[PDB]
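Compute the structure for the input listed below.
(one chain, ligands or ions: 2)
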Amino acid sequence: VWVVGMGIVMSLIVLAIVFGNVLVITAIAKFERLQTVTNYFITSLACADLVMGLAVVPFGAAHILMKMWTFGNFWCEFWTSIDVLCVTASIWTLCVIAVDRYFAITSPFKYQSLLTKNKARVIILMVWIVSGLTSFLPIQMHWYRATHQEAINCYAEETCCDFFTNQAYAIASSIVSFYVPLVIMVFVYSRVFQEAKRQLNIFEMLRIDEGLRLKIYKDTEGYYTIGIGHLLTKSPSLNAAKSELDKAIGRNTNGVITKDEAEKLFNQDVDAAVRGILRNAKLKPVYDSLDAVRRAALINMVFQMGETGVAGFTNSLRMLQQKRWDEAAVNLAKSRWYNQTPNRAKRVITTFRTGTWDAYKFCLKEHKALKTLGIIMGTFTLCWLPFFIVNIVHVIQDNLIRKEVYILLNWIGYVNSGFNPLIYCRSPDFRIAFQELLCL
Ligand SMILES: CC(C)CCC[C@@H](C)[C@H]1CC[C@H]2[C@@H]3CC=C4C[C@@H](O)CC[C@]4(C)[C@H]3CC[C@]12C
Ligand SMILES: CC(C)NC[C@H](O)COc1cccc2[nH]c3ccccc3c12
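Numbering: from 1, shown residues only. Ligands and ions are numbered 1, 2, ... in the order given. There you are, the coordinates:
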C-alpha cells in the first residue's frame, strides 16, 4: 500500500524534472535575449539536471520500490558514474557562474561577462570533460571498491547496487567534486553580492526610484515625464510635452527616445541636481556634512522635488547636518513628500539613517539577476550538503544513520534537479519565454 503511493510521488518528481529542464533548455535554444554567457552555464546545469531526471532518478526509484537491482552490474557501475558526474558537473558549473559573476561585477562592465560565447562553451566542455574523468575513471577502474566481504558480496551479485566506497575514495571524491567548488562558490559569490551593494551609485539609486520608460508617461504628481524621472513639462497638452522633448533631444522623437538618448538626459539631470545643491546656500553645508552614501540620498530628494522643495525641510536638513540621522528621519517621514511617494521616501530616509545601500538591497534589475543565481547556488547546498555531511561523517563511523537516512538525503539532493526551473520563473526574460512555449 506504501509502494503504490511512493511510486506516484517519484513518478511526478521525474516528470517535474524532465519537463522543467526541457522548458529551460528549449527557451535558451530558441529565444534570442536568453542566449547569454550566464544562461549558457544555466543550460549546462539544466542539462545535468535533465540527465539526472532521465538516467539517474528513474533507475534510482526502481532500485527502491523493488528493493533490488534488475539492470545488471554493468549498468550499476555506469548508473552510479552518470549520477556522480551530474552531481560533480552541477556544483562545478555553479562555482564557474560564481567566479564569472565575480569577474563581471569587479570589471568596468559591472553586469557583463568578460568571456565570449566561444570561451563559455569551452569552459562548459572542460567542466563536463574533466568532471567525467573524476567520476567515470575512479568507478570503471574500481578505485571506489571497498575491501569488506559485505561489499564484495554486493560487487559479485547482480541484484545489488548499494554504492559501497572505501575510506579513501569517499573522502577524496567528496572533497574535489562537492566540497572544493562549494567553499570557493560561496566565498566568491558572497563577494559578488558584496561588490554589487558597495558599487551602488546615485545613477542606479535613481534608476531604482524613478524607473525607466522610453515614452512620455504621467508622473506620480501628474506631469509629462520620460526616461528616468525627467519632467518634460507640467503642461496638460501632449503637443506641449512632445515640443520640449524634440528640443531637449534635438531630433524628431514623436514621443519616443532610445536608451542612449534617455541616459544622456539622465546624466544631465543628475549633474544639474548636484549643481542645484552647490548653488543653494541651505543645502550646500548639509552636502558637505553628509558622507558619499548620504550625499546620494540628498541628491535623490533634490532630483525629485527640487533645490527649493528640499530647502523647505528646514528642521530635517538641520538634524542631518548635526549627524542626528534618526532625529532627522522622524521629521523627514512626517512630510507631504513621504505621504506622496511612501515607497521611495522609505528608501531615501533609510539610506539617510543607515548611511548604507541597505534600502536598495537587490532592487536594480541586474541585482535581482544576482539574487536569482544566488538562490540556485544556495538551494543546491540546502539539498546536497546534508547528504554530503552524512556521507563524509559515515566514513569516520559507519553505524549511526545507515541506509534508510542516506537514501532520503540523496533524494533531497535528487529533488534539487527539478527546483532550478521553478527559480528561473523569477527572471522576467525566462517568465516571458516559458509562457510563450506553454501557450499562456
Ligand atoms: C550522458 C553523458 C555521457 C553525456 C553528456 C551530455 C553532453 C553531450 C552535454 C550536456 C551539457 C552540454 C553543454 C550544455 C551547455 C552548452 C551551451 C550551448 O549553447 C552550446 C553547447 C554546450 C556547451 C553543451 C555541450 C554538450 C554538453 C556537454
Ligand atoms: C546512489 C548514488 C550512486 N548517488 C550518490 C550521490 O547522488 C552522488 O554523490 C556524489 C557526487 C560526487 C562525488 C561523490 N563521491 C561520493 C562518495 C560516496 C557517495 C557519494 C559520492 C558522490
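
Could you point out the longest strand of the chain?
strand 213-218 (DSSP state E).

what does it contact?
Outside strand 213-218, the residues that touch it by Cβ atoms under 8 Å, 6 or more residues apart in numbering are 224-227, 232, 238, 241-242, 245, 255-259, 262. Any C-beta I mention is one placed from the backbone N, CA and C, and that applies to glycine too.

can you do 6 Å?
224-226, 241, 255-257 (Cβ atoms under 6 Å, 6 or more residues apart in numbering).

Just the ones of the residues you listed in helices?
residue 241 (DSSP state H).

OK, contacts around the closest residue to ligand 1 within the stretch 201-350 of the chain?
Nearest to ligand 1, among the residues of the stretch 201-350 of the chain, is residue 259, at 26.4 Å (Cβ to the nearest ligand atom). Applying Cβ under 6 Å, 6+ apart to residue 259 gives no contacts.

just use 43 as the starting number from now, easier for me
Renumbered: residue one is now 43, and that last one reads residue 301.

just to revisit the earlier point, would you turn the contacts of strand 255-260 into TSV with neighbour count?
Formatted as TSV, the contacts of strand 255-260 follow (neighbours: other Cβ atoms under 10 Å):
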residue	neighbour count
266	23
267	21
268	26
283	20
297	15
298	12
299	23
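
Which of the contacts of strand 255-260 fall in strands?
Mapping the contacts of strand 255-260 onto strands (DSSP E) picks out 266-268.

Keep those, but drop any that are not near ligand 1.
Among the ones in strands among the contacts of strand 255-260, no residue is within reach of ligand 1 (Cβ under 6 Å from any ligand atom).

could those be laid out in JSON lines, adding distance to residue 100?
Compiled in JSON lines, the ones in strands among the contacts of strand 255-260 are given as follows (distance: Cβ to Cβ, whole Å):
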{"residue": "266", "distance to residue 100": "60"}
{"residue": "267", "distance to residue 100": "56"}
{"residue": "268", "distance to residue 100": "55"}
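
before we move on, the earlier item: buried set for the longest strand of the chain?
Residues of strand 255-260 classed as buried by neighbour count (16 or more other Cβ atoms under 10 Å): residue 258.

surely residue 315 meets residue 342?
No: under the criterion of Cβ atoms under 6 Å, residue 315 is not in contact with residue 342, lying 8.5 Å apart.

Among those two, which residue is more densely surrounded?
residue 342 (25 against 21; other Cβ atoms under 10 Å).

got the contact list for that one?
residue 390.

Please identify the helix or strand for it.
If you go by DSSP states H and E, residue 342 is part of helix 334-346.

chain center to that helix: distance?
Remark: helix 334-346 is offset 28 Å from the chain centroid, using Cα atoms, centre = their mean, to the nearest Å.

likewise stretch 214-229?
Per Cα atoms, centre = their mean, the centroid offset for stretch 214-229 relative to its chain is 20 Å.

quick one: the residue of the stretch 43-192 of the chain found nearest ligand 2 from residue 324, how far?
Ligand 2 sits closest to residue 129 of the stretch 43-192 of the chain, with a gap of 3.5 Å, by Cβ to the nearest ligand atom. Here residue 129 is placed at a distance of 62 Å from residue 324 (Cβ to Cβ, to the nearest Å).

Ok, residue 232 next?
Taking Cβ to Cβ, one finds residue 232 at 42 Å from residue 324.

More neighbours: the two, which one.
Between residue 232 and residue 324, counting by other Cβ under 10 Å, residue 324 is the more crowded of the two (16 against 13).

what's the residue nearest to the more buried one when sequence neighbours are not counted in contact with, if anything?
Distances taken as Cβ to Cβ, 6 or more residues apart in numbering put residue 353 closest to residue 324, at 4.3 Å, once the chain neighbours are dropped. Residue 353 makes contacts with 322, 324-325, as judged by Cβ under 6 Å, 6+ apart.

Same check on residue 138?
Residues near residue 138 by Cβ under 6 Å, 6+ apart: 83, 165.

name the element it belongs to?
If you go by DSSP H and E, residue 138 is part of helix 114-148.

again, but for residue 184
Counting by DSSP H and E, residue 184 is part of no helix or strand.

And for it, the neighbour number?
Using other Cβ under 10 Å, residue 184 is surrounded by 10 other residues.

measure it to residue 210 for me?
13 Å.

Could you do residue 391 as well?
According to Cβ to Cβ, residue 391 stands 59 Å off from residue 210.

Show me which of the two is the more surrounded one.
For residue 391 versus residue 210, neighbours defined as other Cβ under 10 Å are more numerous around residue 391 (24 against 12).

How many neighbouring residues does the closest residue to that one other than its chain neighbours have?
Excluding its sequence neighbours, the residue lying closest to residue 391 (Cβ to Cβ, 6+ apart) is residue 374, at 4.9 Å. When neighbours are defined as other Cβ under 10 Å, residue 374 has 24 of them.

Three-state assignment for residue 205, please.
When classified by DSSP: H, G, I helix; E, B strand; the rest coil, residue 205 comes out as coil.

quick one: the closest residue to residue 240 other than its chain neighbours from residue 243, how far?
Distances taken as Cβ to Cβ, 6+ apart put residue 399 closest to residue 240, at 7.6 Å, once the chain neighbours are dropped. Per Cβ to Cβ, residue 399 is found 9 Å from residue 243.

More neighbours: those two, which one.
Applying other Cβ under 10 Å to residue 399 and residue 243 shows that residue 399 carries more neighbours, namely 22 against 13.

Could you tell me the phi and psi values at the more buried one?
In terms of degrees, to the nearest 10, the main-chain angles of residue 399 are phi -80, psi 20.

just residue 321 next, same as before
Given degrees, to the nearest 10, the pair of backbone angles that residue 321 has is phi -100, psi -20.

what do you get for the one 10 residues further on?
For residue 331, the backbone dihedrals (degrees, to the nearest 10) come out as phi -70, psi -20.

what's the burial count for it?
When neighbours are defined as other Cβ under 10 Å, residue 331 has 14 of them.

Was I right to think it contacts residue 364?
No: Residue 331 is not in contact with residue 364 according to Cβ under 6 Å; the separation is 8.1 Å.

Mind telling me what element the residue nearest to residue 391 is part of?
helix 367-375.

same question, residue 294
Residue 294 belongs to no helix or strand, assigned by DSSP H and E.

and it, how many neighbours?
7.

That one: what's its closest spatial neighbour, skipping adjacent residues?
Counting by Cβ to Cβ, 6+ apart, the residue nearest residue 294 is residue 288, at 6.4 Å.
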